[PDB]
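*Asks:* As a preliminary step, the opening chains of the complex are given here in situ:
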Amino acid sequence: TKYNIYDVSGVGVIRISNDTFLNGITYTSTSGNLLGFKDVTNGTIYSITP
Amino acid sequence: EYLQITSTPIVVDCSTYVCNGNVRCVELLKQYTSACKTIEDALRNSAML
Amino acid sequence: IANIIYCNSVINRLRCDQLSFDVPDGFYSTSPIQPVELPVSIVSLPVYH
Amino acid sequence: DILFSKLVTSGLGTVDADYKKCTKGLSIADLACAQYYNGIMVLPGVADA
């Protein structure tokens, strides 16, 4: 899917996760690409992969 | 006495690094015919030898 | 025109991208074709709106 | 094994990624899987264990 998640846009696949990362809502790689995000409601983590 | 006998090989996909899987970028990249081929041949043949 | 090759098969696709009729033995990188019918996903912070 | 533990544990360095792990995406991609998405592939050491 073509996504725009917390104002970061791209194309990838979204999955559910297993992590409980407490800090922040967007997680990025060194290149800057979006690796995951959190829903500021329940708090679930999701992952993003090309 | 210590002597190094190997260096860990690394290969890079030229299209993915430069265009990040964007379908329009890779189409423009294809005019750079001699660019990716030189890079990929250099890294690949080093690993084979 | 001497000879042509259609870029339709998997081996011919690799030959077309490597831009040579003969390909040496080895391990070559490749990327599958992206789907074009692409849904849209949006996540945003609820704010003063 | 003293020469492989007294020396620095290079967990931030070159390690061949488990590609069966990365695309499953059950957890946020680690440093090795992050490199894989940008086209960088580190191959297993030729001087195997």
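*Replies:* That came through, no problem. Residues are numbered from 1 along each chain as shown, chains lettered A, B, ... in the order given.

*Asks:* For the rest of this, base every contact and every neighbour count on C-alpha atoms.
*Replies:* OK.

*Asks:* Could you point out the longest helix of chain D?
*Replies:* helix D:31-37 (DSSP state H).

*Asks:* Pretty sure residue C:41 sits in a strand.
*Replies:* Yes - according to DSSP: H, G, I helix; E, B strand; the rest coil, residue C:41 belongs to a strand.

*Asks:* Tell me how many other residues surround it.
*Replies:* 13 (other CA atoms under 10 Å in any protein chain shown).

*Asks:* Who does it form a beta bridge with?
*Replies:* residue A:3 (DSSP bridges).

*Asks:* Which residues are in contact with it?
*Replies:* Contact partners of residue C:41, counting by CA atoms under 8 Å, 6 or more residues apart in numbering or on different chains, are A:1, A:2, A:3, A:4, A:5.

*Asks:* filter these to the buried ones?
*Replies:* Buried subset of those (neighbour count, 16 or more other CA atoms under 10 Å in any protein chain shown): A:1, A:3, A:5.

*Asks:* Report whether the longest helix of chain D contacts chain A.
*Replies:* Yes - counting by CA under 8 Å from any CA of the partner chain, chain A has neighbours in helix D:31-37: D:31, D:34, D:37.

*Asks:* what about the first one, neighbour count?
*Replies:* Which is residue D:31. Quick note: residue D:31 (other CA under 10 Å) scores 15 neighbours.

*Asks:* now swap in the last one and tell me
*Replies:* When neighbours are defined as other CA under 10 Å, residue D:37 has 22 of them.

*Asks:* What's the local residue count around the closest residue in space to it that isn't next to it in sequence?
*Replies:* The shortest distance from residue D:37 to any non-neighbouring residue, by CA to CA, 6 or more residues apart in numbering or on different chains, is to residue A:50 (7.0 Å). Residues lying near residue A:50 (other CA under 10 Å) number 15.

*Asks:* isn't residue A:50 right up against residue A:13?
*Replies:* Yes - counting by CA atoms under 8 Å, residue A:13 is a contact partner of residue A:50 at 6.1 Å.

*Asks:* slot chain E in:
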Amino acid sequence: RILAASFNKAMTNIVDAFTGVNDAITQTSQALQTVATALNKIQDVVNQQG
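*Replies:* With chain E added, the chains above now look like this:
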């Protein structure tokens, strides 16, 4: 007589390996492995220089 005969038979397997008419039986000895290694190395020189 044996030293000469084994030498002469070795040369035939070398020349035929360079041409490739014995390519299906090039693993019969690690002496013929060096012929495959040399041809592998030469072809890189002939191609990579341009």
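
*Asks:* List of residues touching the longest helix of chain D?
*Replies:* Contacts for helix D:31-37 (CA under 8 Å, 6+ apart): A:29, A:49, A:50, B:16, D:12, D:15, D:16, D:17, D:18, D:19, D:22, D:41.

*Asks:* and the most centrally placed residue in chain E, what does it touch?
*Replies:* Centroid-nearest residue in chain E: residue E:35, 3.1 Å away (criterion: CA atoms, centre = their mean). The neighbours of residue E:35, taking CA under 8 Å, 6+ apart as the test, are E:14, E:17, E:18.

*Asks:* Now the buried members of those residues.
*Replies:* By 16+ other CA under 10 Å, the contacts of residue E:35 give E:14, E:17 as buried.

*Asks:* From the contacts of residue E:35, which land in helices?
*Replies:* Filtering these for helices - DSSP H - leaves E:14, E:17, E:18.

*Asks:* quick one: the last one from residue D:41, how far?
*Replies:* If you measure residue E:18 against residue D:41 using CA to CA, to the nearest Å, the figure is 35 Å.

*Asks:* Just give the closest residue to residue B:16, not the sequence neighbours.
*Replies:* residue D:39 (5.2 Å).

*Asks:* what do you get for residue B:36?
*Replies:* residue B:14 (5.6 Å).

*Asks:* Is it correct that that neighbour is in contact with residue D:39?
*Replies:* Yes - Residue B:14 is within contact range of residue D:39, at 7.1 Å (criterion: CA under 8 Å).

*Asks:* The residue nearest to residue B:36: neighbouring residues, count only.
*Replies:* 21.

*Asks:* what are the phi and psi values for it?
*Replies:* phi -60, psi -40 (degrees, to the nearest 10).

*Asks:* give the contact list for it.
*Replies:* B:36, B:39, B:40, D:39.

*Asks:* Can you pull the residues of chain D lying near chain B?
*Replies:* Counting by CA under 8 Å from any CA, chain D sits next to chain B at D:14, D:37, D:38, D:39, D:40, D:41, D:42, D:43, D:44, D:45, D:46, D:47.
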